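Trainee: The structure follows.
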Amino acid sequence: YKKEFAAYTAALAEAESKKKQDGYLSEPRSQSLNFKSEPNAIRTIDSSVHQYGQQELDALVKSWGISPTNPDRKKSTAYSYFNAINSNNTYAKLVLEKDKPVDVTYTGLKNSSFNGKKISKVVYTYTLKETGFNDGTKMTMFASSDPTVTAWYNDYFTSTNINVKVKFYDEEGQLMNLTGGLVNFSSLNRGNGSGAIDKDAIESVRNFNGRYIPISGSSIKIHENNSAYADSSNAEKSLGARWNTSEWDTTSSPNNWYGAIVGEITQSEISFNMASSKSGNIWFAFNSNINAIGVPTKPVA
Ligand SMILES: [Mg+2]
């Protein structure tokens, strides 16, 4: 009733008091966005886009030199990583062409809402912008059955930069403005690379068209062109990390804020770039499951 609004006001007061403590939002906020888990969404991609078979894509990537037979350990390691993600056939398997957008549309959302209004549909647009691999023209990614799990992409241990647009729609098919809703940019690993290639792999979010809220104590810092990443290893204590990757980078760790930053939405069309260097495989989840401590849910009406 108002029991809630009182608890909301109390938690917000505590959040301002504990601003500077590890894991708290540096600026207190509440959460109006509920976009947490959608395991039974319907995924649709336009017939113009080729959704690859497992063997088909395997042969194609091998044809580019990313093969288990390649004498260059970088390329055979690139393959090994690629094979692991290509083995999950619940993903839609895509080859992105540079500057050619691809929409992945999720419908029949069951669990999601913004400020009491049901979210029925979310559309992701993926556009490869740059890659260090071969002639810079193509790269593989994998679109999840669940829009909150979202995507894996590759860089074949070079680098990749993919723009993502996100648009959410209500029951009436209208574009929703989720301004003020909070999104989780999580698991932004640095230093978790292949020791055979380069441990200093870097996962980042670039060109975010919202406003980041730094999490106090987090390894993830903001940089020019609204780009969030760590400045040194958050993977190994022996290279300065507070925790080894396995101690913080899970959905269940109380330390998982250590590799995270919060994004506050400011536009109906959300935009950011997923970017990696020397990572092989990158899991990029986009959801409202913020890792920060003491963020109350904003009550409705
Ligand atoms: Mg990660």
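Residue numbering restarts at 1 in every chain; chains get A, B, ... in the order shown in the structure tokens, and ligands count up from 1 in that same order.
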With a distance cut-off of 10 Å and only C-alpha atoms, select the neighbouring residues of residue 150 of chain A, excluding the residue or stretch itself and same-chain residues fewer than 3 positions from it, and output the selection as an MDAnalysis selection string.
Mentor: chainID A and resid 91 104 124 142:147 283:287
Trainee: For ligand 1, return the neighbouring residues as a list in words (distance at most 7 Å; only C-alpha atoms and all ligand atoms).
Mentor: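 Protein and nucleic-acid residues within 7 Å of ligand 1: residues 186, 187, 188, 189, 203, 282, 283 and 284 of chain A.
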Trainee: Between A:148, A:255, A:9, A:86, which one has atoms that come closest to residue 54 of chain A, using only C-alpha atoms?
Mentor: A:86
Trainee: Grab the atom CA of residue 266 of chain A to atom CA of residue 211 of chain A distance for me, in Å with one decimal place.
Mentor: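 That distance, rounded to one decimal, is 7.2 Å.
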Trainee: Got a sec: who's within 10 Å of residue 62 of chain A, counting only C-alpha atoms, leaving out chain neighbours fewer than 5 positions off, as a short mmCIF file (atom, residue, chain, number, x, y, z; two decimals) with C-alpha atoms, in the first residue's frame?
Mentor:
data_model
loop_
_atom_site.label_atom_id
_atom_site.label_comp_id
_atom_site.auth_asym_id
_atom_site.auth_seq_id
_atom_site.Cartn_x
_atom_site.Cartn_y
_atom_site.Cartn_z
CA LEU A 57 29.12 -21.93 -39.87
CA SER A 67 40.58 -23.77 -37.74
CA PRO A 68 41.75 -26.33 -35.16
CA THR A 69 44.48 -27.37 -37.69
CA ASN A 70 46.06 -23.92 -37.95
CA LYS A 75 43.92 -19.02 -34.64
CA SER A 76 43.49 -22.54 -33.27
CA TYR A 79 38.63 -21.74 -33.16
#
Trainee: Considering only C-alpha atoms, state which residue in the set A:281, A:115, A:47, A:200 is at the smallest distance from residue 301 of chain A.
Mentor: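 Residue with the minimum atom-to-atom distance to residue 301 of chain A: A:115.
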Trainee: Leaving out residue 35 of chain A and any residue of its chain fewer than 5 positions from it, which residues lie within 8 Å of it when counting only C-alpha atoms, given as a ChimeraX atom specification?
Mentor: /A:111-113,148,287-289
Trainee: Residues of segment 66-294 of chain A classed as strand (DSSP E or B) by DSSP on the backbone are to be reported as a ChimeraX atom specification.
Mentor: /A:92-97,102-107,113-114,117-118,121-131,138-143,151-154,159-169,175,182-185,190,202-206,211-213,215,220-223,227-230,261-264,270-277,281-284,287,293
Trainee: Would you work out the distance separating atom CA of residue 162 of chain A from atom CA of residue 94 of chain A, expressed in Å to one decimal?
Mentor: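 Between atom CA of residue 162 of chain A and atom CA of residue 94 of chain A the gap works out to 12.8 Å.
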Trainee: Determine the nearest neighbour of residue 22 of chain A from the options A:175, A:293, A:300, A:205, counting only C-alpha atoms.
Mentor: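 Ranked by minimum distance to residue 22 of chain A, first place goes to A:293.
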Trainee: Using only C-alpha atoms, can you tell me which of A:128, A:139, A:45, A:123 comes closest to residue 60 of chain A?
Mentor: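 Ranking A:128, A:139, A:45, A:123 by distance to residue 60 of chain A, first place goes to A:139.
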Trainee: Determine the nearest neighbour of residue 6 of chain A from the options A:192, A:256, A:183, A:297, counting only C-alpha atoms.
Mentor: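 The answer is A:297, which sits nearest to residue 6 of chain A.
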Trainee: List as a ChimeraX atom specification the protein and nucleic acid residues near residue 231 of chain A, meaning an atom at most 12 Å away when only C-alpha atoms are counted, but skip any in the same chain fewer than 5 places from it.
Mentor: /A:188-191,200-204,218-223,239-241,259
Trainee: What does the distance between atom CA of residue 17 of chain A and atom CA of residue 116 of chain A come to in Å, to one decimal place?
Mentor: 28.0 Å
